[PDB]
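Residue-level structure breakdown
Here's the letter readout for the chains.
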Protein chains: 4
Amino acid sequence: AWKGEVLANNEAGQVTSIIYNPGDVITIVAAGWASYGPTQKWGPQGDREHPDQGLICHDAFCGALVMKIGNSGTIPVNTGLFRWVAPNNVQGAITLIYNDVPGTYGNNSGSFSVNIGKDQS
Amino acid sequence: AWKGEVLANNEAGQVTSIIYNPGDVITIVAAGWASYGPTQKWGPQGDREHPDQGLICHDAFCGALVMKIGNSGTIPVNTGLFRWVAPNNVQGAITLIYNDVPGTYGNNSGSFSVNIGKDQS
Amino acid sequence: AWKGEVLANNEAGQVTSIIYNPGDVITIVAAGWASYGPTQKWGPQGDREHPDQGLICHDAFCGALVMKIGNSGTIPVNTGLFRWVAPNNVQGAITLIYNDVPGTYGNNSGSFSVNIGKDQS
Amino acid sequence: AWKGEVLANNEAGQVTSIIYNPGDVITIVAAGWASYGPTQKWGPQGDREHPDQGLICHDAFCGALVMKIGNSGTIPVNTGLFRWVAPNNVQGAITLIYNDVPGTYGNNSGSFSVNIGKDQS
Ligand SMILES: CCNC(=O)[C@@H]1C[C@H](NC(=O)[C@H](Cc2cn(CCNC(=O)c3ccc(S[C@@H]4O[C@H](CO)[C@H](O)[C@H](O)[C@H]4O)cc3)nn2)NC)CN1
Ligand SMILES: [Ca+2]
Ligand SMILES: [Ca+2]
Ligand SMILES: [Ca+2]
Ligand SMILES: [Ca+2]
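Residues numbered from 1 in each chain as written, not as in the entry; some residues may be left out. Chains lettered and ligands numbered in written order. Heavy atoms only, no water.

For this deposited structure, the header cites X-ray crystallography as the method used and 1.65 Å as the resolution.

The condition is simple: UniProt positions are given in the numbering used here, feature names are shortened, and annotations may be inferred rather than shown by experiment.
If you check the PDB entry, chain A appears there as PA-I GALACTOPHILIC LECTIN from Pseudomonas aeruginosa. UniProt, in the comment section headed Function, describes chain A in these words: "D-galactose specific lectin. Binds in decreasing order of affinity: melibiose, methyl-alpha-D-galactoside, D-galactose, methyl-beta-D-galactoside, N-acetyl-D-galactosamine. Similar to plant lectins in its selective (carbohydrate-specific) hemagglutinating activity."

1. Describing unusual backbone geometry
Definition in use: Only protein chains enter the area calculation, which uses a 1.4 Å probe; residues under 20% of their type maximum are buried, those over 50% are exposed, and those in between are partly exposed. Numbered from the N terminus, helices here are DSSP runs of H or I no shorter than four residues, and strands are runs of E no shorter than two.
Here the phi dihedral of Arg83 of chain A falls at roughly 45°; this positive angle occurs in a residue that is not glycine. Under the relative-accessibility criterion, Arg83 of chain A is labelled partly exposed at 23%. Phi is positive for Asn89 of chain B, which is not a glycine, with a value near 100°. The topology assignment puts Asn89 of chain B in the loop between β6 (80-84) and β7 (92-98).

2. Examining the coordination of the calcium ion (ligand 2)
Under the convention used in this document: Note: metal donors comprise N, O and S atoms at 2.8 Å or less from the metal (3.2 Å for Na, K and Ca); water molecules are not included, so apparent gaps in a site are possible.
Here the calcium ion (ligand 2) is held by the protein donor atoms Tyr36 of chain A (O), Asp100 of chain A (OD), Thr104 of chain A (O), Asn107 of chain A (OD1) and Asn108 of chain A (OD1), which lie 2.3 to 2.5 Å from it. All donors of the calcium ion (ligand 2) belong to a single chain; written as a sequence motif, their spacing is Y-x63-D-x3-T-x2-N-N.

3. Here's the deal with the coordination of the calcium ion (ligand 3)
Residue and element names in this part refer to chain B. The coordination sphere of the calcium ion (ligand 3) contains the protein donors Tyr36 (O), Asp100 (OD), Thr104 (O), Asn107 (OD1) and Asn108 (OD1), at a distance range of 2.3 to 2.5 Å. Of note, the calcium ion (ligand 3) draws all its donor residues from one chain, in the sequence arrangement Y-x63-D-x3-T-x2-N-N. Residue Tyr36 is found in the loop between β3 (26-35) and β4 (65-69), and its partner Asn107 is found in the loop between β7 and β8 (109-118); the two are separated by 71 residues along the sequence. Since its relative accessible area comes to 9%, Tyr36 is described here as buried.

4. Thoughts on the relation of the copies chain C and chain A
One copy of the chain maps onto the other through a rotation about an axis followed by a shift along the same axis. Convention followed: Superposition of the copies is carried out by least squares, using only their C-alpha atoms. Contacts were defined at the residue level, with two residues in contact if any of their heavy atoms lie within 4.5 Å.
For these two chains of identical sequence, chain C goes onto chain A by a turn of 179° and a shift of 0.1 Å along the axis, with RMSD 0.4 Å. With respect to symmetry, the two chain copies, as superposed, fit the operation of a two-fold axis. Among all C-alpha atoms of chain C, that of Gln120 of chain C lies closest to the rotation axis, at 3.5 Å. Interface overlap between copies is the fraction of interface residues in one copy that are interface residues in the other; for chain C against chain A it reaches 100%, indicating a shared surface.

5. A closer look at the interface of chain A and chain B
Note the cut-off: The term buried area refers to how much accessible surface (probe radius 1.4 Å) is lost by two components on association, counted for both of them together. Salt bridges are defined as contacts in which a side-chain nitrogen from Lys or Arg sits within 4 Å of a carboxyl oxygen from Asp or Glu. In the analysis that follows, any N or O atom pair within 3.5 Å is treated as a polar contact, provided that within protein one partner can donate a hydrogen and the other can accept it, and provided that, for residues neighboring in sequence, both atoms belong to side chains. When residues are sorted by character, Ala, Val, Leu, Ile, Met, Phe, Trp, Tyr, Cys and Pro go into the nonpolar class, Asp, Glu, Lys and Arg into the charged class, and all the rest, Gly among them, into the polar class.
Taken together, the contact between chain A and chain B spans 27 residues of the former and 26 residues of the latter. Where chain A abuts chain B, roughly 1900 Å² becomes buried across the two surfaces, and 56% of that area is made up of carbon and sulfur atoms. Where chain A touches chain B, the interface holds one salt bridge. With a shortest N-O distance of 3.7 Å, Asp119 of chain A and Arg83 of chain B are connected by a salt bridge. Linking chain A to chain B there are seven residue pairs in polar contact. Counting residues per element, the ones that place at least two in the side of chain A that touches chain B are β3 (26-35), β6 (80-84) and β8 (109-118) of chain A. Among the elements that make up the side of chain A that touches chain B, the one with the highest residue count is β3 of chain A (seven residues). When grouped by side-chain class, the residues that make up the side of chain A that touches chain B number eleven nonpolar, eleven polar and five charged.

6. Remarks on the interface of chain C and chain A
Of the residues lining the interface, four residues belong to chain C; the matching set on chain A comes to four residues. Carbon and sulfur atoms make up 26% of the surface buried where chain C meets chain A, a total of about 420 Å² over both sides. Broken down residue by residue, the surface that chain C buries against chain A is led by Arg83, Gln120 and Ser121 of chain C, which jointly contribute 94%. Between the two partners, chain C and chain A, sit zero salt bridges. On the surface where chain C and chain A come into contact, there are two residue pairs in polar contact. A class-by-class count of the residues in the side of chain C that touches chain A yields no nonpolar, two polar and two charged.

7. Section: the side chain of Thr16 of chain D
Residue and element names in this part refer to chain D. Within the secondary structure, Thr16 is located in strand β2 (residues 14-20). Take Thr16: its relative accessible area is 6%, and that puts it in the buried class. A polar contact is formed between the side chain of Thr16 and the backbone nitrogen of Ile18, at a distance of 3.1 Å. Polar contacts involving the side chain of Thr16 include one to the main-chain carbonyl oxygen of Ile94, which spans 2.8 Å. The residues contacting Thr16, other than those within four sequence positions of it, are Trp2, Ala93, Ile94, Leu96 and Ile116.

8. Notes on the packing of aromatic side chains
The test is simple: Side-chain rings of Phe, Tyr and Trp (the six-membered ring for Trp) are treated as a pair once their centres are within 6.5 Å; stacked means planes under 30 degrees apart, edge-to-face means over 60, and tilted covers the remaining angles. A ring is scored as having a charge over it whenever the NZ atom of a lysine or the CZ atom of an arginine sits within 6 Å of its centre and within 35 degrees of its normal.
Counted by the stated rule, this structure contains 15 aromatic pairs over all chains. Their ring planes at 65° and their centres at 6.2 Å tell us that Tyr20 of chain B and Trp84 of chain B sit as a pair that is edge-to-face. Of this pair, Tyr20 of chain B sits in strand β2 (residues 14-20) while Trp84 of chain B is found in strand β6, placing the two residues 64 residues apart along the sequence. On the basis of relative accessible area, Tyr20 of chain B is assigned to the buried category, the value being 2%. Exposure remark for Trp84 of chain B: the relative accessible area of 18% places this residue in the buried category. Seen from the ring of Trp33 of chain D, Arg48 of chain C lies directly overhead, with NZ or CZ sitting 5.5 Å from the centre.

9. A word on the pairing of β8 of chain A
Residue and element names in this part refer to chain A. The line we're drawing: Two strands form a pair only when DSSP identifies at least two bridges running between them.
Burial runs high along β8: seven of the ten residues are buried. Taken together, the ten bridges between β3 and β8 define a ladder with antiparallel strand orientation. Across the sheet, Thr27 pairs through a bridge with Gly117, a residue of β8.

10. Comments concerning the environment of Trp2 of chain B
Residues and elements named next belong to chain B. Within the fold, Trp2 resides in strand β1 (residues 2-7). Judged by its relative accessible area of 13%, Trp2 falls in the buried class. Separated by 82 residues in sequence, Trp2 and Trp84 have C-alpha atoms that sit 16 Å apart. Apart from residues lying up to four places away in sequence, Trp2 is in contact with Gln14, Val15, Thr16, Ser17, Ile18, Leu96, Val114, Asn115 and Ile116.

11. Regarding the site of ligand 1
All names here are of chain D. For clarity, the cut-off: Note on definitions. A residue lies near a molecule or strand when any single heavy atom of the residue is within 4 Å of it.
Around ligand 1, the neighbouring residues are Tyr36, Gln40, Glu49, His50, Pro51, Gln53, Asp100, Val101, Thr104 and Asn107. Here an oxygen atom of ligand 1 sits 3.2 Å away from a polar atom, N or O, in the main chain of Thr104. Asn107 places a polar side-chain atom, nitrogen or oxygen, 2.9 Å from an oxygen atom of ligand 1. Residue composition of the shell around ligand 1, grouped by class: three nonpolar, five polar and two charged.

Printed below as a string of structure tokens:
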């Protein structure tokens, strides 16, 4: 299991100790407050009212928590995933990332606190 | 396990099929959008900017997801709980509840989706 | 989870810290060597050659590991149980017991080492 | 999870679907009756009275259940493993094998019924 923080201004994402292998079932729970620029902060679902201006993940809101598994595309995480199997046979190290537009991370603030564990299988 | 929705307008909350017993380890993941009156909506951590005017749970923000276990007082859930064990004594059915001031749920809207499961212990 | 020894000469059995509640899924692994009287010893499946002369559990061999849940009748455990649900209407503390004839435990020897855990549900 | 049987007369062993990866926690439960040649039978701990005349696993009795993980040496299983983590650098498919002297499996009989699962980690 892994626990740690994902900073909103960290464009490269936060590598975890979790390697997702074939057959794994995982659960993720994320909490906390972050911003992509505004004074206001949002939780791990991000800002539902904000337009997509070239986000790294088009299937989550600006300011949401997302991830990559190995060489996968970005996958939404939001507040978390319950007893979840990765689609399309993706595998590898899990990296958590704040959803913003590339090159605009420098004004971001806050972080999310994230737990990931493997479940029974 | 149990999956369902918790309406922001329901002062009675949503009973689940999960009975929390001593020593149980549980995980909850919550998502969605709700409001305690204003046009804006917030996720399950609620509105960090809003003062407590008599909330049912003084340890979570207005608009956050909380729960009771049996006849306990309210306990924060927020975006969820990861492999969590209760304080000694609580037992009984989990009921999920939107955090607002009693008598003021009339103008509330939206809902949270929630998954609850028992973990290894 | 619980880990402990169950002595073969212990007619009252070994009460564990595990309380089986409705809906629980459990796993048990048992190991070791014990005798109901003879000089040789057998594992937790007992002695497949030995006739039943009034055992506390008629559905396991003499020298097998069995259990009660609360005030239930005896239930076979043998080498263990994998992700097992109890019959309806059985609940309470798990007590582990060596399978022998009542009043004949005095000449028994050895013990079984047992682990019990609750699984995801 | 894998469920199946391991024949006493199968010298090559039984290659399961469980790929043990770094960090995994596994549980195995084994049951049943088998023999290395005699008309008598033993459970998955094998025959405690029998000398070791060149067994594939010297840390278990003749007639016990043992395993390999990838290209590891043999590891005793006996009646099972409870929430077990492998030695460092040990990884790969789990092969289950009856413990007998090489070249002497042809007179063996019976089988053990075996369940393997991955636990939470
Ligand atoms: C008719 C007599 N039957 C029996 O004795 C059987 C076997 C068990 N025996 C006992 O528990 C005791 C104690 C005992 C003493 N020894 C050492 C002498 N026996 C011996 O060395 C031996 C060796 C081999 C075999 S069978 C043989 O085993 C090989 C691997 O070791 C291989 O698998 C071959 O394919 C297989 O044929 C038997 C005995 N050992 N145990 N004696 C009463 C209980 N009933
Ligand atoms: Ca930004
Ligand atoms: Ca309101
Ligand atoms: Ca006896
Ligand atoms: Ca043989």
